[PDB]
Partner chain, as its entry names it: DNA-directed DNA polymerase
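Below, in structure tokens: the form solved without its partner chain, a single chain.
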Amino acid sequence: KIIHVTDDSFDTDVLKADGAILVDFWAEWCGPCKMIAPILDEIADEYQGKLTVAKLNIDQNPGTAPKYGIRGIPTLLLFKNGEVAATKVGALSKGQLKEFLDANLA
């Protein structure tokens, strides 16, 4: 359900994707990241059909993050039509994520 993205499949899975894609940039050592992982799993269920959730481990895929000016994690990028539509840095509750999503999905 949650796309496992890599440095090699980013361009095709995200840039050429047709729809709204939410990309989660994390790393095993990033606590705040591990804190919102459960929330993404649930968001994928509540937004099935109008949103696709993907995740990119920066340690294993150290190339993509820099091209998008990502200065730290956790950081979420909402791609729309092949381009960044909205950005969100830091951990957040279930509510803050839904409000952010509802407002930028319309």
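Positions refer to the first chain, counted from 1.
A.B. asks: Do the CA atoms of 72 to 80 or those of 43 to 51 have the higher mean B-factor in the entry?
C.D. replies: In the deposited entry, the stretch with the higher C-alpha B-factor mean is 43 to 51.
A.B. asks: Mean C-alpha B factor from the entry: is it higher for 84 to 92 or for 18 to 26?
C.D. replies: Mean B over CA atoms: larger for 18 to 26.
A.B. asks: What third of the chain, by the recorded C-alpha B-factor, contains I2?
C.D. replies: Middle third, going by the recorded CA B-factors of the chain.
A.B. asks: Quick one: classify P32 as lowest, middle or highest third of the chain based on its Cα B-factor.
C.D. replies: It belongs to the middle third of the chain when residues are ordered by C-alpha B-factor.
There is another form of the same protein, the form solved in complex with its partner chain; it is not shown, and what comes next is about it.
A.B. asks: Quick one: does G82 come within 4.5 Å of its partner chain in the deposited bound form, counting heavy atoms only?
C.D. replies: Although its partner chain is absent here, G82 would stay clear of it in the deposited bound form, with no heavy atoms inside 4.5 Å.
A.B. asks: With the partner left out here, check for me: in the deposited bound form, does some heavy atom of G19 sit within 4.5 Å of its partner chain?
C.D. replies: Judged by the heavy-atom cut-off of 4.5 Å, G19 is well away from its partner chain in the deposited bound form.
A.B. asks: With the partner left out of view, is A37 within 4.5 angstroms of its partner chain in the deposited bound form by any non-hydrogen atom?
C.D. replies: No, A37 stays farther than 4.5 Å from its partner chain in the deposited bound form.
A.B. asks: Determine whether any heavy atom of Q96 comes within 4.5 Å of a heavy atom of its partner chain in the deposited bound form, and answer yes or no.
C.D. replies: Contact check for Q96: yes, within 4.5 Å of its partner chain in the deposited bound form.
A.B. asks: Even though its partner chain is not shown here, does it sit in the deposited bound form so that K1, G49 and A54 each have a heavy atom within 4.5 Å?
C.D. replies: Not one of the three qualifies.
A.B. asks: Taking its partner chain as it sits in the deposited bound form, which residues of 17 to 36 have a non-hydrogen atom within 4.5 Å of it? Please list them.
C.D. replies: If the 4.5 Å heavy-atom criterion is applied to its partner chain in the deposited bound form, 17 to 36 yields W29, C30, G31, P32, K34, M35.
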